[PDB]
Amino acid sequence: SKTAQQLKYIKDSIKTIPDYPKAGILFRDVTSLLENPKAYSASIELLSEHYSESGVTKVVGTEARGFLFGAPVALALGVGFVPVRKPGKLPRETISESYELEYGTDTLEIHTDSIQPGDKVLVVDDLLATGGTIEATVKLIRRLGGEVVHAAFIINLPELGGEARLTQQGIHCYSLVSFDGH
C-alpha cells in the first residue's frame, strides 16, 4: 500500500508547464518535486529500494539535473557516485563521446579512472526523452569496461522513443512515472 501512494504523490508533485521551451510542448517540471521534501525524499527512497539488492557498485549521473537524483541514490545505496559532464569541467584524464542535437553535436566526458571492469553501474537521470545523452553515457562506461544494464529515471516520456532505444542497447530501464506526449 505505502508505495503506490508515494508514486502518485510523486507524480502529482511534478508541474506541467505549457509552451516551454516552445509552443505546444507540455513541459514536465521536475523542480516542483525538488522543492516538496516529501515527494523528493520518496523519489529517492523508492529508487534506492529498487536497486538495494541489485549488485550495483557505482552510480553515474549526467550533468546537471541527473546529479539531483543519482547522487542521493548513491548515497543511499552506499556506493561511489561518478559524474558525466560537458567538456572542460572534469580535471583528471577523461574520455569523451559525442551525441546528436537537433542542430549540431555535443559531448560528454567521464574520468577514465572512475570506472573499472568489475563495476556494475547504475545510470540515474531525471527524465528520459529521446535517450541521446544516456546512450552517450552508456558508451563511456562500456569503453572503460564497466557493465551497465540498468538505468533509472524519475520521469519517462515513452513517445519520444528513449526507452525503446536504450532497451535495445541492452539497458533495463526503470522509471517512477511517465507522461504522454512530446
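The first residue of the sequence shown is number 1, and the count goes up from there. Each form is matched to the other, and the largest set of C-alpha atoms that superpose within 1.5 Å is called the rigid core.
Quiz item: Between 95-103 and 82-90, which one strays more from this form in 7 other deposited structures of this protein if you match the rigid core and compare Cα atoms?
Solution: Larger mean C-alpha displacement, comparing 95-103 and 82-90 in 7 other deposited structures of this protein, is found in 95-103.
Practice problem: Compare the mean C-alpha B-factor of 22-30 with that of 115-123 as given in the PDB entry, and name the stretch with the higher value. | Solution: Between 115-123 and 22-30, it is 22-30 that shows the higher mean C-alpha B-factor.
Self-check item: Stretch with the higher entry mean CA B-factor, where the candidates are 95-103 and 80-88
Solution: Per the deposited B-factors, the answer is 95-103.
Quiz item: If you check the C-alpha B-factor for each of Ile154, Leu140, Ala64, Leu157 in the entry, which is highest?
Solution: Highest CA B-factor of the listed options: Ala64.
Self-check item: Ranked against its chain, the third holding the CA B-factor of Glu53
Solution: Its C-alpha B-factor belongs to the highest third of this chain's values.
Practice problem: Name the third of the chain's ranked CA B-factors that contains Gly131, choosing lowest, middle or highest. | Solution: Middle third by C-alpha B-factor.
Quiz item: Lowest, middle or highest third of the chain for the C-alpha temperature factor of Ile171?
Solution: According to the entry, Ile171 has a C-alpha B-factor in the chain's lowest third.
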